[PDB]
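1. turn this into a model:
(5 chains, ligands or ions: 9)
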Amino acid sequence: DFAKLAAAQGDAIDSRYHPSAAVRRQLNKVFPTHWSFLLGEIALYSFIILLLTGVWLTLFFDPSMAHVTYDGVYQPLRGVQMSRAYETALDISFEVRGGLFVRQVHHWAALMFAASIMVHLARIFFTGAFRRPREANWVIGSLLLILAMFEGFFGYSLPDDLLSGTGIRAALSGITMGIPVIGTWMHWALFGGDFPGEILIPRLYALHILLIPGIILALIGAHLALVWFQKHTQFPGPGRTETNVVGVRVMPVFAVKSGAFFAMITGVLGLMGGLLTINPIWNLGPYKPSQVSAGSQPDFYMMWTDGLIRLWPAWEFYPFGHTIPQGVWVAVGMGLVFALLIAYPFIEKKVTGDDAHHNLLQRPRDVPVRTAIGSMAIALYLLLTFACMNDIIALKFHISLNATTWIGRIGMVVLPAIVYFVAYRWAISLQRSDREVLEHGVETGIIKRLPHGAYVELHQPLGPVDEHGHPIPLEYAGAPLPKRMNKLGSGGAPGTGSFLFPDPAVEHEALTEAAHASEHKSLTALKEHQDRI
Amino acid sequence: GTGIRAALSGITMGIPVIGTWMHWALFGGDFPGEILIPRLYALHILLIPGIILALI
Amino acid sequence: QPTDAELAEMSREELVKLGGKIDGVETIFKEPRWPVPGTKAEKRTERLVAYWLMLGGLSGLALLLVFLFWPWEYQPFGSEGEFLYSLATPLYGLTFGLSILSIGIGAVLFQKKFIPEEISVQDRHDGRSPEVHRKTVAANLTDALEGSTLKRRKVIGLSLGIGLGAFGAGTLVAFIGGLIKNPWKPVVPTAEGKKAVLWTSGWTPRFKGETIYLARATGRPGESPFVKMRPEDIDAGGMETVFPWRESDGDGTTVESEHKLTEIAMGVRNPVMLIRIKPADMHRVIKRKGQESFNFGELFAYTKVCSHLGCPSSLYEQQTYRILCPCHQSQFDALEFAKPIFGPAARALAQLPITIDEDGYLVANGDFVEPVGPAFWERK
Amino acid sequence: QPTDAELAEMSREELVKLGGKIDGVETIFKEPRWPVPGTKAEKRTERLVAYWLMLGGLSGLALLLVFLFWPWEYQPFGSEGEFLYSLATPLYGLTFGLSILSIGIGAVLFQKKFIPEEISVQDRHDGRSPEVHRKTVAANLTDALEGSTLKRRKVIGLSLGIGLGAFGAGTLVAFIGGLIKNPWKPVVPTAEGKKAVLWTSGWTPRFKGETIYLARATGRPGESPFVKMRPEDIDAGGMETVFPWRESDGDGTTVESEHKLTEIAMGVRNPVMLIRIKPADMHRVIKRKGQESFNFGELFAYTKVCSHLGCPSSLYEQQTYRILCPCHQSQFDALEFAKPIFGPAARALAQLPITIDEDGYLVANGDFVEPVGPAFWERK
Amino acid sequence: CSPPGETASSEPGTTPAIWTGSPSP
Ligand SMILES: [C]C([C])=[C][C][C]/C([C])=[C]/[C][C]/C([C])=[C]/[C][C]/C([C])=[C]/[C][C]/C([C])=[C]/[C][C]/C([C])=[C]/[C][C]/C([C])=[C]/[C][C]/C([C])=[C]/[C][C]/C([C])=[C]/[C]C1=C([C])C(=O)[C@]23=C(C1=O)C1=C4C56(=[C]2)[C@]2([C])=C35([C]/[C]=C(\[C])[C][C]/[C]=C(\[C])[C][C]/[C]=C(\[C])[C][C]/[C]=C(\[C])[C][C]/[C]=C(\[C])[C][C]/[C]=C(\[C])[C][C]/[C]=C(\[C])[C][C]/[C]=C(\[C])[C][C][C]=C([C])[C])[C@]1(=O)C461=C([C]=[C][C]=[C]1)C2=O
Ligand SMILES: [C]C([C])=[C][C][C]/C([C])=[C]/[C][C]/C([C])=[C]/[C][C]/C([C])=[C]/[C][C]/C([C])=[C]/[C][C]/C([C])=[C]/[C][C]/C([C])=[C]/[C][C]/C([C])=[C]/[C][C]/C([C])=[C]/[C]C1=C([C])C(=O)[C@]23=C(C1=O)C1=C4C56(=[C]2)[C@]2([C])=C35([C]/[C]=C(\[C])[C][C]/[C]=C(\[C])[C][C]/[C]=C(\[C])[C][C]/[C]=C(\[C])[C][C]/[C]=C(\[C])[C][C]/[C]=C(\[C])[C][C]/[C]=C(\[C])[C][C]/[C]=C(\[C])[C][C][C]=C([C])[C])[C@]1(=O)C461=C([C]=[C][C]=[C]1)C2=O
Ligand SMILES: CCCCCCCCCCC(=O)OC[C@H]1O[C@H](O[C@@H]2[C@H](O)[C@@H](O)[C@H](O)[C@@H](O[C@H]3O[C@H](CO[C@H]4O[C@H](CO[C@H]5O[C@H](CO)[C@@H](O)[C@H](O)[C@@H]5O[C@H]5O[C@H](CO)[C@@H](O)[C@H](O)[C@@H]5O)[C@@H](O)[C@H](O)[C@@H]4O)[C@@H](O)[C@H](O)[C@@H]3O)[C@@H]2OP(=O)(O)OC[C@@H](COC(=O)CCCCCCCC[C@H](C)CC)OC(=O)CCCCCCCCCC)[C@@H](O)[C@@H](O)[C@@H]1O
Ligand SMILES: CCCCCCCCCCCCCCCC(=O)O[C@H](COC(=O)CCCCCCC[C@@H](C)CCCCCCCCC)COP(=O)(O)O[C@H]1[C@H](O)[C@H](O)[C@@H](O)[C@@H](O)[C@@H]1O
Ligand code: HEM
Ligand code: HEM
Ligand SMILES: CCCCCCCCCCCCCC(=O)O[C@H](COC(=O)CCCCCCCCCCC)COP(=O)(O)O
Ligand code: FES
Ligand code: FES
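-> Numbering: from 1, shown residues only, chains lettered A, B, ... in the order given. Ligands and ions are numbered 1, 2, ... in the order given. Here you go, the structure:
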């Protein structure tokens, strides 16, 4: 019945499309199981949730700048003039059952999408996963991050509330028009005239629901296809070489783990959507150029840019009756940052001279200069991000606002230098900590007094020993070293049973023996594969 | 709009048992309403063309 | 490469191993999770997985039941239903998020406790492809190009390059041309002819001697959103936002008046801060050149638009006389012609000249003498 | 399977043949287009291809030049520019369309005049896969399922099925639930309480004795789009569209009046045809039961909404007394209580009862006695 | 750089004249 049906459908599919060999190649593909290789798929799942909830939102949203009088249920805004966009954003959150939940899941998913992209980028950079043959795919990811930043910005600009409209007036309108020679032409091409105009929100809506997400989808497809057919990197370890992939096959283990991780990410984003308020636009009011509120932060992934605006000094030039205003610096700065991010693999292969194929990753401690540089970059990013929140920090943490500006200004130079130096020394220090275990074995923490009164700590050797009993020094192999005896199995196991009642002793004995035999067989399999290759 | 009133609105509401429910789900109420053109726009520039692109 | 009768005599395990070998994959370790059968620990673990999946099912049913029957509609402030309404979206998120969260946990546990533990090794076969494939694909492409004879037909090659270039150029220009707009096209009627938008605002006179009142927002939409203002309406230490209003703009009862007042409210270079200096502080006022008579006694009027990037710079500290912009923390000295003293702003806020008319209402005494708002390449 | 030094001694042609053979493709015929060199026909054909590509280039440049410099802006009727404006879009299409067409033609010609003619045979390896692949992929899938042990964990299997079902049900209901609306919710105020939308129109009285005037459309969008009318305002053989107007929704000068008049104009069950039939034809009128007094002498009022599918059925033939719907050709007999005599309509048009007030203006004399417009499951 | 069209003055200034206002919108 259920088996004959599967065989019949399988034969029908195979006689018509003969996919057996290609499907089997997909089922046998091996992926490494490292926890940090799951960071990219948080971004993928966030993007999928964004697509689903965004499609739901487009069924109710009218992105018009046409001014109307609010006639809905939210009493504190009755009679207030607003755009159709603000109108329908309110209608979603009050007049459609589940609309507020969908809207909040969309916005939380956008935040998790940007944050996931950042953390996954950090893994790629610090482990060296960008090196050849994978330079292009770092470039594709860099473009994906830029597109995600601007997509999220356009998305939260759509409701045309006071806060987001203030963000549009300063960043999208002010910086753009400040651009030299072509600034005002770019402004009038984008807005159709002066700010705010009547075309901006419908145009941003078209960019946000179709055009930018289509480019993102195409780039994500290229990205995942490159990963799939270039065969994911791995960390050094037992049995791992430059020419193999150690891990699990797709069918069934990796497929089950991916599906379960997708379900758990969805659960977290769903709990956030209905437990934490995000962007309650009815409290902000519709956008009016005469109004503003304290605390005009953008979403976090834009804050650094805003932070840069806050920190850069009022340096302007007035050549021959023209004006180059302060915001131009910020624009140039952004370009520079992006250009340095896209170009990093080629910069590093030019500096280091290393142009070899690489499939084995580097532990971040073992590349101290790149780790120091990335730590320096993260320090600058965090300083600019917190500079953007300097007014909130001043209010909550009792710091002068002027002082926060100057702390950001000086720290923008000093903090990355300090962080670079500290991260460099810390990475080399971890290298020395690994060396110590390699020469002496694992410190067990057990102190012993010898008969003549010496105090010695017992060590657990990781390899062969002498006739004197000291271990032979082992060579570093790019892989982590154990430093706790409990992580080597010294603690044993409690004893089989439920939490409150023991199982029969014979069951416990059989289970423990089977577990030890299985662990030994797995170690032996990896060892003999390593010995053979 | 004459085509919309007759075909999309008139035929739909005439369906037995759930015709008016389908009409009020699609239009958000009676014809013409205020949501129809934005919803059709979303269907037309993204959703239907995306399904078409996948099927092609 | 076995045969059809050798395949029919293979067990599943040998077939799995052969399929892996064809694909370059060897499973070097593979063991069932419970080699000893009939153990209480296995039944306990089975029940643990089932418990997580059952929690997922119960919470999914709870999502169904709360979405149908929880009171979801907005309730106003201080009403009896406001508290239950405030839990609707939280309950949606709790029942949805828990459900799929519990199913994911249960599936993770099933993989970890019941699906066999596995180590598999795949050969990469990466780098340059075998020489046969490189040579044959290169020969294919080179034969296509050289066989076509396109390289030795230079009139055709040049014509194709020029024609494709011209078509692409024309198509690109026609595709983006509709977006391009001259920002300096004169479109705004003023007392001395049409002017470009950025040089003007609601304070630009439309004819010589036009009376433009400093109008204040009543906050009631329609029904006179803007009214005239008198100098005694503001105390020393007070600040009010004023807008450029004309008698002909009306009270917003008609449709045309309402559209005019909407254009007043939405004009980005319109809002003005009117401050009244304390008379004891008038000796500390420094005037800007060309603006020495722009104040009506102890009343000063500056643009509310920040000169840095256009935010409403409206945090007016009456004792320090400091105008703070909330966006990027620029500070302007109201006593020294709104000159910037902190932040990214390099330019002072424009001063509006003000006076009173015969009825004693505050009116503008002309236009700004410089462009208002953020700077641009073309300015000054 | 040759070797790296055998590959290096192959010509391009042998490498092309080898690459094809690996792919299952044999080129059985392949010959150059001009075996005899130096002929005038080859140079002539080269020039023909070049001519088409050059036409493409010239027309692409022409597209650029006309998009930049042709007068593109709309010119009004009877103006001096109107002719040249009328050619703007045609020229854009002529220069664009010609350009990419000429290039296309040129490429076609190149393919069939210079690229070698070939016949290639690729064999299909279609149908069922080789038995090795079928059996290995089946073993892989069966081993996954069987080694998972999911088939014999029935508590886990039922829990997973029920949990996934419940989560999917809850998610599906919450995803579509916001769209679902009860059509029969009472939302419309009437003289006997709240009613569902489809039972009402602008002709439904909002209180007992409310005076609803038959209003004519003046065509002036702003000032007074609807005015009262008198029985002598229309001749015998005339027909006018009237709308339900209350004295309390005004002449559209205020914003609220304008919104009220917009909802009058856009109400889908609002428009009414008022016909005055010739006195000599009054003996031909047959009244509908319940509607014998709905006419004011020779003035009859029917809904302008067609009962078939809701189009304005407004083609009024005064001599045949036929009301023709333009959409699907239904015909209604005006002398016969607008009953259908042709087309897909099965139901008569609803009659509005009409009378006059003390000033002699035509007013409604109550509501329609049946629902107006297209039918639905819930009707009658 | 400093904006060239922004300088302090020492001239005191006079009280502005009452606004009269010309006709013809
Ligand atoms: C020197 C010289 C030489 C010269 C010079 C000259 C010149 C310079 C010139 C100038 C000119 C110019 C340039 C001009 C220009 C103009 C302009 C500019 C204008 C415009 C403007 C603008 C602005 C625009 C733009 C806008 C936009 C955006 C738009 C959009 C558009 C789009 C997107 C589109 C798309 C399209 C598509 C995709 C399509 C495709 C199609 C196809 C595929 C087809 C094919 C076919 C098939 C399949 C088949 O099968 C067939 C066929 C066909 O056709 C035919 C026939 C048949 C069959 C069959 C089958 C058939 C078919 C076949 C065929 C055809 C096949 C073919 C194929 C091939 C060839 C293959 C090839 C391959 C390759 C090589 C690959 C390569 C690679 C690479 C490199 C890639 C790269 C990339 C990149 C760069 C990236 C980029 C990025 C981006 C930006 C993206 C974006 C996007 C978007 C927007 C969105 C989208 C999205 C989506 C869709 C999603 C997706 C995603 C995923 C995947 C996940 C038949 O046909 C037959 C048959 C039998 C009998 C008969 C016939 C058979 O069988
Ligand atoms: C009895 C039992 C058992 C039970 C029962 C229970 C129940 C019943 C339950 C109930 C529940 C339910 C049902 C519920 C429901 C709920 C609801 C209803 C709700 C909702 C509502 C609604 C209305 C909604 C809807 C709306 C909408 C429309 C929406 C939309 C959505 C969408 C569209 C979405 C999409 C998504 C996607 C596409 C995604 C994908 C993703 C992926 C692909 C991934 C994967 C991956 C990759 C690639 C890679 O590579 C990787 C990964 C991943 O993940 C990971 C990792 C790594 C890597 C790597 C590489 C990695 C990755 C991997 C992986 C994951 C892979 C995997 C894969 C696989 C598995 C493969 C498989 C295959 C196969 C088998 C195939 C099959 C076939 C077929 C059959 C097909 C069919 C189809 C059809 C049917 C069609 C349909 C149609 C339609 C409708 C369409 C539509 C559409 C639309 C809308 C639009 C779209 C468009 C577009 C896009 C365009 C396109 C086009 C073209 C193409 C031209 C990893 O991860 C790693 C690694 C390493 C280390 C670590 C990791 C590696 O390496
Ligand atoms: C190469 C880059 C490196 C840098 C070096 C190269 C550039 C350095 C060289 C120069 C250059 O920058 O050019 C580029 C720019 O060009 C065009 O800018 C020019 C000019 O520069 C602007 O300053 C000027 O402002 C524009 O006039 C507009 O205002 C005028 C008024 O203003 C004056 O008054 C202002 C304020 O005061 C008054 O305020 C209001 C004005 O009414 C009123 O309130 C009131 O009257 C008040 O006055 C008071 O005065 C007294 C008080 O004491 C008393 O009398 C009274 O009390 C009274 O009240 C000041 O603030 C201003 O500064 C100014 O002084 C109006 O008169 C106009 O009608 C209009 O509105 C003007 O435009 P136009 O004349 O329309 O066009 C001409 C032509 C440009 O010529 C060129 O050389 C182009 C070639 C060189 C540039 C590169 C391009 C070529 C290279 C190739 C294409 C590359 C392959 O156009 C164009 O082809 C531009 C096309 C687009 C660019 C393509 C680039 C390529 C695209 C791809 C990248 C605009 O297009 C700009 O967007 C553009 O950037
Ligand atoms: C215990 C009941 C459910 C049993 C469980 C399974 C059934 C549920 C499936 C669908 C979920 C429905 C939940 C959504 C809520 C609900 O049920 O609405 C109630 C309406 O009465 C009802 O019993 C609704 C019954 C459903 C009738 C089905 C209609 C027929 C189909 C044709 C409609 C088209 C759907 C698309 C599929 C077509 C495919 C064709 C190929 C309240 O009416 P009301 O308050 O007037 O309107 C409010 C707004 O004002 C407020 O803005 C907001 O929109 C809501 O609050 C809304 O309810
Ligand atoms: C939308 C944003 C992105 C998504 C959804 C995404 C997704 C993924 C996924 C799932 C993987 C494979 C699994 C893993 O190692 O984590 C991956 C790999 C990769 N990503 Fe990303 N990525 C994004 C952006 C980026 C960024 C910003 C970079 C770096 C600039 C980058 C570079 C890479 C590289 C080099 C790999 C392959 C690494 C390897 O084999 O180990 N990606 N990406
Ligand atoms: C990279 C993907 C995306 C990101 C980062 C993103 C981000 C955002 C953000 C932050 C908002 C503001 C949410 C709020 O109201 O509080 C928003 C609004 C919106 N987004 Fe998205 N979005 C993405 C993709 C999509 C897609 C594919 C669609 C269309 C299917 C979409 C449709 C909408 C709509 C209609 C709104 C306006 C309604 C509203 O604000 O509630 N989004 N987006
Ligand atoms: C995806 C829709 C249908 C899914 C059913 C197909 C998979 C089961 C069929 C084969 C396994 C059982 C043994 C068997 O019937 O052997 C054979 C069927 O399998 C084949 O030979 C071809 C299967 C290839 C198609 C699979 C593509 C995608 C399926 C993946 C779904 C997770 C028939 O056995 P027999 O001829 O009796 O020796
Ligand atoms: S907008 Fe005022 S400081 Fe930036
Ligand atoms: S709508 Fe009148 S005949 Fe169809």
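2. every contact and neighbour count from this point should use C-alpha atoms.
-> Will do.
3. give me the neighbour count for residue A:388.
-> 30 (other Cα atoms under 10 Å in any protein chain shown).
4. report how many residues lie close to the residue nearest to it when sequence neighbours are not counted.
-> Closest residue in space to residue A:388, ignoring its immediate chain neighbours: residue A:307 at 4.1 Å, by Cα to Cα, 6 or more residues apart in numbering or on different chains. Using other Cα under 10 Å, residue A:307 has 25 neighbouring residues.
5. list the contacts for residue A:307?
-> A:384-389 (Cα atoms under 8 Å, 6 or more residues apart in numbering or on different chains).
6. looking at the residues you listed, which one is closest to ligand 5?
-> Closest approach between the contacts of residue A:307 and ligand 5, by Cα to the nearest ligand atom: residue A:385, at 18.4 Å.
7. what about residue A:133, distance to residue A:346?
-> Distance of residue A:133 to residue A:346, given as Cα to Cα, to the nearest Å: 12 Å.
8. quick check, residue C:49 in contact with residue D:156.
-> Yes - contact status for residue C:49 versus residue D:156: in contact at 6.8 Å, counting by Cα atoms under 8 Å.
9. now do the contacts for residue A:180.
-> A:324, A:328, C:376-377.
10. if you set the cut-off to 6 Å instead, what comes out?
-> Taking Cα atoms under 6 Å, 6 or more residues apart in numbering or on different chains, we find residue A:180 in contact with residue C:377.
11. what segments of the stretch 251-400 of chain A are helices?
-> A:255-273, A:300-311, A:327-342, A:344-352, A:368-388, A:390-397 (DSSP state H, counting those that start in this stretch).
12. residue C:305: which of these is closest?
-> helix A:327-342 (15.9 Å; Cα to Cα).
13. the residue of chain E found nearest ligand 5: which element?
-> As assessed by Cα to the nearest ligand atom, ligand 5 sits closest to residue E:1 within chain E, at 38.6 Å. Using DSSP states H and E, residue E:1 falls within no helix or strand.
14. for the chain, what's the longest helix?
-> No chain specified, so I'll use chain A. Criterion DSSP state H: the longest helix present in chain A is helix A:401-440.
15. nope, chain C please
-> Every helix in chain C considered (DSSP H), the longest is helix C:40-69.
16. which of the residues in that one are buried?
-> Buried residues in helix C:40-69, counting neighbours by 16 or more other Cα atoms under 10 Å in any protein chain shown, are found at C:40-42, C:45-46, C:48-67.
17. wait, what's in contact with residue C:246?
-> Residue C:246 touches residue C:212, counting by Cα under 6 Å, 6+ apart.
18. show me what the helix or strand following the longest helix of chain C is packed against.
-> Under the assignment DSSP H and E, the closest C-terminal helix or strand after helix C:40-69 is helix C:82-85. Other helices and strands packing on helix C:82-85, by 3 or more Cα pairs under 6 Å, 6 or more residues apart in numbering or on different chains; DSSP states H and E, are absent; none qualifies.
19. check which element follows helix C:82-85 along the chain.
-> helix C:88-113.
20. and that next one with chain A, contact?
-> Yes - against chain A, helix C:88-113 shows contacts by Cα under 6 Å from any Cα of the partner chain at C:89-90, C:92-94, C:97, C:100-101, C:104, C:107-108.
21. which ones are touching the residue nearest the centre of chain A?
-> The centroid of chain A falls nearest to residue A:116 when counting by Cα atoms, centre = their mean (2.4 Å). By Cα under 6 Å, 6+ apart, residue A:116 lies in contact with residue A:43.
22. follow-up on the earlier one: out of the helices of the stretch 251-400 of chain A, which is closest to ligand 2?
-> Among these, if distance is taken as Cα to the nearest ligand atom, the winner is helix A:255-273, at 6.1 Å.
23. which parts of the closest one are buried?
-> For helix A:255-273, using 16+ other Cα under 10 Å, the buried residues are A:256-258, A:260-273.
24. against which helices or strands is it packed?
-> Here helix A:255-273 touches helix A:99-127, helix C:88-113, going by 3+ Cα pairs under 6 Å, 6+ apart.
25. and that helix, does that touch ligand 5?
-> No - Helix A:255-273 does not reach ligand 5 (Cα under 6 Å from any ligand atom); its nearest approach is 10.3 Å.
26. what is the distance between that helix and the centre of its chain?
-> Chain-centre distance of helix A:255-273: 16 Å, with Cα atoms, centre = their mean, to the nearest Å.
27. that one near ligand 7 at all?
-> No - remark: helix A:255-273 sits outside contact range of ligand 7, by Cα under 6 Å from any ligand atom, the gap being at least 10.6 Å.
28. alpha carbons of that helix, as CSV, please.
-> Taking Å, rounded to 0.1, in the frame of the first residue of the first chain, the C-alpha atoms of helix A:255-273 are listed here in CSV:
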residue,chain,number,x,y,z
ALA,A,255,18.4,17.5,6.1
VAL,A,256,16.8,16.8,9.5
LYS,A,257,19.1,19.2,11.3
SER,A,258,18.5,22.0,8.8
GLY,A,259,14.7,21.5,9.0
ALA,A,260,14.8,21.5,12.8
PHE,A,261,17.0,24.6,12.9
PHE,A,262,14.6,26.4,10.5
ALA,A,263,11.7,25.5,12.8
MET,A,264,13.5,26.7,15.9
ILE,A,265,14.5,30.0,14.2
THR,A,266,10.9,30.5,13.2
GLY,A,267,9.8,29.8,16.8
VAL,A,268,12.2,32.4,18.2
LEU,A,269,11.1,35.0,15.7
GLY,A,270,7.5,34.2,16.4
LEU,A,271,8.0,34.5,20.2
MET,A,272,9.6,37.9,19.7
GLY,A,273,6.8,39.1,17.4
